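Okay, structure first, notes after.
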Amino acid sequence: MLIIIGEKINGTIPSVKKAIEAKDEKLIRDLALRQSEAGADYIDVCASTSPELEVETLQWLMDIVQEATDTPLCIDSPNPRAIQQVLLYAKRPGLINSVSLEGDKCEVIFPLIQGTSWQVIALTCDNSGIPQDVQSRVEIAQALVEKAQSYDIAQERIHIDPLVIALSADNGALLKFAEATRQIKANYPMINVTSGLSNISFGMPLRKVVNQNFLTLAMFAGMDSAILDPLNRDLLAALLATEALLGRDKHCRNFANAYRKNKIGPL
Amino acid sequence: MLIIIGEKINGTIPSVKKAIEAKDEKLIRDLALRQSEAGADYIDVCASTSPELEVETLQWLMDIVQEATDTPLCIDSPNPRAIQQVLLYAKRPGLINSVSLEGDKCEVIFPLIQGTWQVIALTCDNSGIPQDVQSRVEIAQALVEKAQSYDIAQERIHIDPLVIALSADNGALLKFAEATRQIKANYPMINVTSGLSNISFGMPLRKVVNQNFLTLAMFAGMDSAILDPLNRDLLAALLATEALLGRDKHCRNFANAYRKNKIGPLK
Ligand SMILES: Nc1nc2c(c(=O)[nH]1)N[C@@H](CNc1ccc(C(=O)N[C@@H](CCC(=O)O)C(=O)O)cc1)CN2
Ligand SMILES: Nc1nc2c(c(=O)[nH]1)N[C@@H](CNc1ccc(C(=O)N[C@@H](CCC(=O)O)C(=O)O)cc1)CN2
């Protein structure tokens, strides 16, 4: 069954930016609870503030989220020092978003989780940036798994993100995401492949439609977890329909339950 | 690449049945036109009336469609004798819906199109519609073999694996994809086709399920489908899925359609 990382608590979204500035606890609790109620397995928290305010902002977001829901945190920062300084504010282990072959991300994050039950998203990039092909992404995923192994981190705890690019930039963006996913899972059947949805549609109209269909496909290609907006009813219906279509919803009960509970459908 | 057989002109849709009984040509003319304008490659025509009226009703439908559009006909009848009696009324080669190993379907239809027409061939026989993969694959081989008897090339045939309701078999889509893989493997030049609505029988939000089934079936290798191209949401899925599969250079059909208002909010 697809693992859902709810994306909505970010500093990039203007309403969330404004709620952080205001210390608007109600808005953050409501995003937390409703993402959980829609089926999120992790609640992403991303401060998106300046460097010097990031750690305090993450701490505030984690405190408020955990008041509202027991669903575990996905700590989203591009600064491993920030992640280090907030890990202890989590009440239970969750997901770290993320590491990569860039700079010292692995050597800061992996000692911090080596021994505990934290999981980790690992992006397929390194110091030269986004890879320019499938093969490069696959080799980077291998290098990530080996590094993780040297700190005793099992492949099961790892969500490889092959950083899908925009379909407007490369019309093979999905055919290349599906190929990297097949090769990575072929080399590591216990590993998890993850993606965000939004990058795929950057540069196109009706981005929600494009995101949905990419999800519908990415699931069929083997994607195990995804960062997405589970408050998007249409997206949630497509998600659950795709779960039933891939033979993961016994007697289509979850889909039927979601409609009867008015989780999906009009409206 | 997905070849669209517009399903609208049927004798089972209450409104079209009333148009046949009322001889309301305008309605049929506008379904032919709108389905062509939406991109249909073939216009399915199905009488769905008392047997002894079927030939005359098929002829009436074929004349009105033809007068309106050059988009070729898909003659839809469960009675091969009816097909035989109306074939000469088509102004140009189209598609015949359908043959199967049931009764004398092949023995009637194949000599009819030998030396000429494309054909949908269902994977069912005198015992009914098998639900398993292996039986359907074997039935398809038998059909391709019998079609070869009349010099009908693989390229002219659209194999329909008759996908059943997901609520009746949760593996229906998985089985579709596997049948498709095997059939194509054996016959790389053939077409695989499906309708979209059977899959969602017995589930709520049928249109949602149908649209995700379409996306999945396209990635699985479906070549043609009988569907409603007047459905704004289904067309937006279809076109987003064409772009995601690498088939819409620069995403130009998707953008063009959006610009023309074809897909997206009706503003
Ligand atoms: N590891 C990893 N982490 C990530 C991303 C990834 O790729 N991989 N990409 C981002 C995923 N997070 C978001 C958060 C919000 C939006 C966003 O745009 N939200 C709108 C859009 C609404 C919608 O489409 O439903 C909103 O209004 O809430 C997109 C990605 C950042 N974190
Ligand atoms: N070879 C083959 N032929 C077939 C089918 C198939 O499987 N395979 N199945 C049927 C396909 N034709 C239709 C026509 C109309 C509808 C239908 O239900 N239409 C609604 C709703 C349209 C919509 O959902 O957008 C309407 O109001 O027009 C469903 C299947 C019969 N012909």
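Within each chain, counting starts at residue 1; across the structure tokens, chains are named A, B, ... in the order shown, with ligands numbered 1 upward in that order.
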
Inset, instruction - List all protein, DNA and RNA residues that have any atom at most 8 Å from ligand 1, counting only C-alpha atoms and all ligand atoms, and write the list as a PyMOL selection string. - result: chain A and resi 7-10+12-13+44+46+76+97-98+121-123+161+163-164+194-199+207-208+211+227-232+235

Legend entry - Within 8 Å of ligand 2, counting only C-alpha atoms and all ligand atoms, residues as an MDAnalysis selection string: chainID B and resid 7:10 12:13 44 46 76 97:98 120:122 160 162:163 193:198 206:207 210 226:231 234

Legend entry - chain A residues near chain B (10 Å cut-off, only C-alpha atoms) as an MDAnalysis selection string: chainID A and resid 167:176 200:201 203:207 209:214 216:221 234 237:242 244:253 255:260 264:266

Output C-alpha atoms of each residue in that selection to a file, as a PDB file, in the first residue's frame.
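Result file follows (out_25.pdb):
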```
ATOM      1  CA  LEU A 167       8.072  16.610 -18.303  1.00  0.00           C
ATOM      2  CA  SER A 168       8.163  19.996 -20.141  1.00  0.00           C
ATOM      3  CA  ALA A 169      12.005  19.902 -19.784  1.00  0.00           C
ATOM      4  CA  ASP A 170      12.263  16.165 -20.799  1.00  0.00           C
ATOM      5  CA  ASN A 171       9.328  14.337 -22.359  1.00  0.00           C
ATOM      6  CA  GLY A 172      10.887  11.071 -21.070  1.00  0.00           C
ATOM      7  CA  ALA A 173      10.818  12.244 -17.479  1.00  0.00           C
ATOM      8  CA  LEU A 174       8.272   9.541 -16.482  1.00  0.00           C
ATOM      9  CA  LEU A 175       9.727   6.773 -18.715  1.00  0.00           C
ATOM     10  CA  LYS A 176      13.115   7.528 -17.052  1.00  0.00           C
ATOM     11  CA  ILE A 200       6.810  16.538 -13.061  1.00  0.00           C
ATOM     12  CA  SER A 201       4.246  19.172 -14.083  1.00  0.00           C
ATOM     13  CA  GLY A 203       5.966  24.135 -17.121  1.00  0.00           C
ATOM     14  CA  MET A 204       2.529  22.794 -18.012  1.00  0.00           C
ATOM     15  CA  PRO A 205      -1.057  23.901 -17.564  1.00  0.00           C
ATOM     16  CA  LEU A 206      -3.523  21.990 -15.367  1.00  0.00           C
ATOM     17  CA  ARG A 207      -0.648  20.848 -13.176  1.00  0.00           C
ATOM     18  CA  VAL A 209      -4.184  16.810 -13.649  1.00  0.00           C
ATOM     19  CA  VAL A 210      -0.613  16.083 -14.736  1.00  0.00           C
ATOM     20  CA  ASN A 211       0.445  15.363 -11.104  1.00  0.00           C
ATOM     21  CA  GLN A 212      -2.464  12.917 -10.681  1.00  0.00           C
ATOM     22  CA  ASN A 213      -1.719  10.932 -13.790  1.00  0.00           C
ATOM     23  CA  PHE A 214       1.972  10.809 -12.890  1.00  0.00           C
ATOM     24  CA  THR A 216      -1.331   6.864 -11.216  1.00  0.00           C
ATOM     25  CA  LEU A 217       1.636   5.753 -13.322  1.00  0.00           C
ATOM     26  CA  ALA A 218       4.457   6.000 -10.787  1.00  0.00           C
ATOM     27  CA  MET A 219       2.465   3.614  -8.550  1.00  0.00           C
ATOM     28  CA  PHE A 220       2.244   1.169 -11.440  1.00  0.00           C
ATOM     29  CA  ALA A 221       6.026   1.493 -11.939  1.00  0.00           C
ATOM     30  CA  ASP A 234      -9.368  14.451  -6.636  1.00  0.00           C
ATOM     31  CA  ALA A 237      -9.669   9.496  -5.139  1.00  0.00           C
ATOM     32  CA  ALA A 238      -7.137   8.666  -7.904  1.00  0.00           C
ATOM     33  CA  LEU A 239      -4.735   7.294  -5.247  1.00  0.00           C
ATOM     34  CA  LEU A 240      -7.291   4.999  -3.737  1.00  0.00           C
ATOM     35  CA  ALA A 241      -8.677   3.957  -7.130  1.00  0.00           C
ATOM     36  CA  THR A 242      -5.121   3.074  -8.192  1.00  0.00           C
ATOM     37  CA  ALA A 244      -7.721  -0.995  -5.861  1.00  0.00           C
ATOM     38  CA  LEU A 245      -6.653  -1.334  -9.527  1.00  0.00           C
ATOM     39  CA  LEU A 246      -3.216  -2.689  -8.481  1.00  0.00           C
ATOM     40  CA  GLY A 247      -4.930  -5.454  -6.459  1.00  0.00           C
ATOM     41  CA  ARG A 248      -4.013  -3.919  -3.098  1.00  0.00           C
ATOM     42  CA  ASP A 249      -7.519  -3.178  -1.843  1.00  0.00           C
ATOM     43  CA  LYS A 250      -9.258  -6.384  -0.862  1.00  0.00           C
ATOM     44  CA  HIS A 251     -12.809  -6.380  -2.181  1.00  0.00           C
ATOM     45  CA  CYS A 252     -12.279  -2.606  -2.913  1.00  0.00           C
ATOM     46  CA  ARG A 253     -13.427  -2.086   0.684  1.00  0.00           C
ATOM     47  CA  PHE A 255     -12.317   2.744  -1.736  1.00  0.00           C
ATOM     48  CA  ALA A 256     -15.973   1.965  -0.851  1.00  0.00           C
ATOM     49  CA  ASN A 257     -15.362   3.080   2.749  1.00  0.00           C
ATOM     50  CA  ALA A 258     -13.701   6.347   1.581  1.00  0.00           C
ATOM     51  CA  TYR A 259     -16.711   7.191  -0.588  1.00  0.00           C
ATOM     52  CA  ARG A 260     -19.267   6.234   2.178  1.00  0.00           C
ATOM     53  CA  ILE A 264     -13.703  11.219  -1.826  1.00  0.00           C
ATOM     54  CA  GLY A 265     -16.332  12.175  -4.270  1.00  0.00           C
ATOM     55  CA  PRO A 266     -18.509  15.272  -4.536  1.00  0.00           C
TER      56      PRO A 266
END
```

Legend entry - Residues of region 18-262 of chain B in alpha helix (DSSP H), written as number ranges by chain: B: 18-21, 25-37, 51-68, 80-86, 105-113, 133-149, 172-186, 206-219, 232-244, 252-259

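Each of A:267, A:4, A:99, A:64 was compared to residue 77 (chain A) using only C-alpha atoms, and A:99 turns out to be the nearest.
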
Inset, instruction - Tell me, in Å to one decimal, how far CA of residue 111 (chain A) is from CA of residue 88 (chain A). - result: 14.1 Å

Inset, instruction - Using only C-alpha atoms, determine which residues lie at most 12 Å from region 136-147 of chain A, disregarding the query and same-chain residues fewer than 5 positions distant; provide the list as a ChimeraX atom specification. - result: /A:98-102,104-107,109-111,114,120-131,152-164,176-188,190-193

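Nearest to residue 113 (chain B) of all the residues B:267, B:156, B:23, B:17 is B:156, based on only C-alpha atoms.
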
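For region 14-18 of chain A, the set of protein, DNA and RNA residues having any atom at most 12 Å away, when counting only C-alpha atoms and skipping those fewer than 3 positions along the same chain, is residues 7, 8, 9, 10, 11, 21, 22, 23, 24, 25, 26, 27, 28, 29, 30, 31, 32, 45, 46, 47, 48, 49, 50, 57 and 61 of chain A.
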
Go ahead and write the residues just picked, N, CA and C atoms, as a tab-separated table (two decimals), in the first residue's frame.
```tsv
chain	number	residue	atom	x	y	z
A	7	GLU	N	2.45	16.74	2.48
A	7	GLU	CA	3.38	17.79	2.13
A	7	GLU	C	3.02	19.18	2.65
A	8	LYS	N	1.81	19.37	3.21
A	8	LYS	CA	1.25	20.73	3.26
A	8	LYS	C	1.93	21.70	4.23
A	9	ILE	N	2.60	21.19	5.28
A	9	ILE	CA	3.19	22.08	6.29
A	9	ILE	C	4.59	22.53	5.82
A	10	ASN	N	4.61	23.52	4.93
A	10	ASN	CA	5.86	24.05	4.40
A	10	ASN	C	5.91	25.57	4.45
A	11	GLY	N	7.12	26.12	4.40
A	11	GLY	CA	7.31	27.55	4.44
A	11	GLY	C	7.24	28.19	3.07
A	21	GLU	N	4.94	33.20	10.81
A	21	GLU	CA	5.21	34.62	11.21
A	21	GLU	C	4.29	35.00	12.36
A	22	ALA	N	3.02	34.67	12.23
A	22	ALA	CA	2.00	34.94	13.27
A	22	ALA	C	2.01	34.00	14.49
A	23	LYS	N	2.75	32.88	14.42
A	23	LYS	CA	2.59	31.81	15.42
A	23	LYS	C	1.14	31.35	15.45
A	24	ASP	N	0.57	31.12	14.27
A	24	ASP	CA	-0.82	30.69	14.20
A	24	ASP	C	-0.91	29.15	14.39
A	25	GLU	N	-1.05	28.74	15.63
A	25	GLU	CA	-1.08	27.34	16.01
A	25	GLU	C	-2.27	26.60	15.43
A	26	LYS	N	-3.43	27.27	15.39
A	26	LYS	CA	-4.64	26.66	14.87
A	26	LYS	C	-4.49	26.17	13.41
A	27	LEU	N	-3.96	27.03	12.56
A	27	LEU	CA	-3.78	26.66	11.15
A	27	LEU	C	-2.89	25.40	11.03
A	28	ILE	N	-1.75	25.39	11.72
A	28	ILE	CA	-0.78	24.23	11.66
A	28	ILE	C	-1.42	22.99	12.25
A	29	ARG	N	-2.17	23.12	13.35
A	29	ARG	CA	-2.80	21.91	13.90
A	29	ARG	C	-3.82	21.32	12.92
A	30	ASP	N	-4.52	22.23	12.26
A	30	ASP	CA	-5.61	21.80	11.35
A	30	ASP	C	-4.99	21.07	10.13
A	31	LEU	N	-3.91	21.61	9.56
A	31	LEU	CA	-3.20	20.90	8.46
A	31	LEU	C	-2.69	19.54	8.95
A	32	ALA	N	-2.19	19.51	10.18
A	32	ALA	CA	-1.68	18.23	10.69
A	32	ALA	C	-2.78	17.17	10.81
A	45	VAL	N	7.39	18.51	7.70
A	45	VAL	CA	7.45	19.88	8.23
A	45	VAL	C	8.71	20.52	7.62
A	46	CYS	N	8.48	21.67	6.95
A	46	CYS	CA	9.60	22.36	6.26
A	46	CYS	C	9.50	23.87	6.54
A	47	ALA	N	10.53	24.47	7.10
A	47	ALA	CA	10.40	25.79	7.62
A	47	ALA	C	10.45	26.81	6.46
A	48	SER	N	11.38	26.60	5.53
A	48	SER	CA	11.55	27.49	4.39
A	48	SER	C	11.82	28.92	4.83
A	49	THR	N	12.42	29.10	6.00
A	49	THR	CA	12.72	30.45	6.45
A	49	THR	C	14.22	30.76	6.11
A	50	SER	N	14.75	31.87	6.57
A	50	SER	CA	16.21	32.05	6.52
A	50	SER	C	16.99	30.98	7.35
A	57	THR	N	12.17	27.51	14.06
A	57	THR	CA	10.92	27.34	13.32
A	57	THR	C	10.47	25.87	13.19
A	61	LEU	N	7.14	24.17	14.70
A	61	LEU	CA	6.25	23.30	13.83
A	61	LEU	C	6.12	21.88	14.40
```

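Across the structure, CA of residue 75 (chain B) and CA of residue 5 (chain B) are spaced 10.7 Å apart.
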
Inset, instruction - Go through region 201-262 of chain A and collect every residue that DSSP, computed from the backbone, puts in strand (DSSP E or B); the answer should be as a PyMOL selection string. - result: chain A and resi 225-228

Legend entry - Distance query region 146-153 of chain B at most 9 Å, only C-alpha atoms, self and fewer than 6 positions along chain excluded, as a PyMOL selection string: chain B and resi 106+110-111+113-116+118+189-190

Export of prior selection with C-alpha atoms as a compact mmCIF listing (two decimals), in the first residue's frame:
```
# COMPACT_ATOMS: atom_id res chain seq x y z
CA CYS B 106 -15.10 -16.11 -37.59
CA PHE B 110 -13.46 -13.36 -41.90
CA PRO B 111 -14.50 -14.16 -45.53
CA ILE B 113 -13.19 -8.75 -44.92
CA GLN B 114 -10.66 -11.03 -46.65
CA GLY B 115 -8.98 -8.97 -49.44
CA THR B 116 -10.28 -5.63 -48.01
CA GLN B 118 -9.99 -4.03 -39.37
CA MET B 189 2.24 -6.11 -34.80
CA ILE B 190 -1.22 -6.63 -33.17
```
